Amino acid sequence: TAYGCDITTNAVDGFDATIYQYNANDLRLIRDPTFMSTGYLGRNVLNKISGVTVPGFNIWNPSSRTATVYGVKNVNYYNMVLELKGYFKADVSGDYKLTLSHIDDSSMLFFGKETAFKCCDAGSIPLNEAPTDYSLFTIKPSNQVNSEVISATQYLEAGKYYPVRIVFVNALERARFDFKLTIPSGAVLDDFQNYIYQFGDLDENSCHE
C-alpha cells in the first residue's frame, strides 16, 4: 500500500556484510545453486560488517590467507562466503543495471521488487525482504579464467526502495568480486553511497501516537 514515507530519517548508508566459513579448495559448492542461495547460512559466521558502500574487491596475497576487507583486518578472504544485503534506492526513474564481472570464484545476486513500508514518526519500516529467486549466477570455471560478464537491468521508480542480496564465494587464492551499478544516466559506479541503505529498527509501540 505505501511504497514510501515522509520520514525516512532511520535510513543509513551501506550494505551489511556477513562473512561465513567456507572449506578451502571446495570447487563443488561454488556451483551449487542451493548452497549459494541458502546453504551457506548454516556455516559459522566469521565477521559482520556494516556501512559498506564500495562492495567490490580483488584480493590475492600469495603470502597470507587473510587481508583487510571492508576496513576490517585479518579477514579470511582466501576461503569464505560473503553475503551483502541492503535496500537499493532509485534516485531517478529509469533502467538500472547490476553487473557481476570476472568473478573468482562465484556469485549469485537477488534483486527484489519494490518494498512497501510502514511509516512511523521516528522513521520507516520496510515490509519486504528475502527475495528468494536469484537473477544472476556466475561461476569461474575450475582453474581457468572467468570471462563472464553477467547483468540484470530493470526499470526502477524514483525514490522507491528495492531489497538486494549478493552472495560471493572464494574457494581458494584470489577473491575477485567485481560488482558495478550502471544508473539511468549511463554512469558506471563502483560506489553505492546514496543508493544502498539499511533502515534502523524502531519501537513499534511508538510507531504512532
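For every residue, the number given is its place in the sequence shown, counted from 1.
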When the Cα temperature factors in the entry are averaged, is it 191 to 199 or 6 to 14 that ends up higher? 6 to 14
Could you check the entry and say whether 22 to 30 or 146 to 154 has the higher mean CA B-factor? 22 to 30
Highest Cα temperature factor in the entry, among the options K85, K97, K113, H102: which one is it? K113
Ordered by C-alpha B-factor within the chain, which third holds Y134? Give me lowest, middle or highest, please. middle
Place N170 in the lowest, middle or highest third of its chain's C-alpha B-factors, as listed in the PDB entry. lowest
By the entry's values, the third containing the CA B factor of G42 is the middle
Name the third of the chain's ranked CA B-factors that contains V54, choosing lowest, middle or highest. middle
For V164, the third of its chain into which the C-alpha B factor falls: middle
